[PDB]
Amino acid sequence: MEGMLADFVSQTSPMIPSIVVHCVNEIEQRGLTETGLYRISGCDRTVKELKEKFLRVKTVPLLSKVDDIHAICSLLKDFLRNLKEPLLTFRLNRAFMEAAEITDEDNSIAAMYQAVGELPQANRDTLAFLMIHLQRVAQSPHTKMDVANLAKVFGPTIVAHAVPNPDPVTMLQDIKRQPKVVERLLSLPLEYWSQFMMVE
């Protein structure tokens, strides 16, 4: 199994796994011209092989070699989704959902700010890096992937559940609630996320 986010970072800040950094770098370089980025899945075999090699050797394979940029998108989602706990931790799963469900804009944003501040550093730093990247994806006129669309894709990826294996009632209730969390997070401005890009 993959293990915890912290197992992919060191004391070096911002605390972002090299795999996330390299995936984002590749996607920035040749993915922003692609329609359906993060919606279109890559070849399952290519994604699994890249992931197996990454987890076994503990180093990022040369991503520039792979022709399909969607496989890189799929690898990033797979990595994040399959962490022992989601990027937004088990501990704060419900907190994030409740924050996003507040209809008062000011109070919802304030509750979002509160929940992000309660994240461990590695989680916040990685989240901040991902949010900056996904905002750029949403702002490309070639991707056709707005904040709403990306939230539906990233809901299961970064929010997930409060437990590793929820009962089916909870499971289906949860997936209804995930997109609004991502929607709110992506709606927090670049300047907010950018502040967490800092050295140790």
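Numbering starts at 1 and follows the sequence shown.
Looking at mean Cα B-factors across 120 to 128 and 75 to 83, the upper value is held by 75 to 83. Relative to its counterpart among 40 to 48 and 169 to 177, 40 to 48 has the higher mean temperature factor, C-alpha atoms as listed in the PDB entry. Take 161, 142, 152, 136 and read off each C-alpha B-factor from the entry; 142 has the highest. For residue 185, the recorded CA B-factor ranks within the lowest third of the chain. Only modelled residues enter the ranking.
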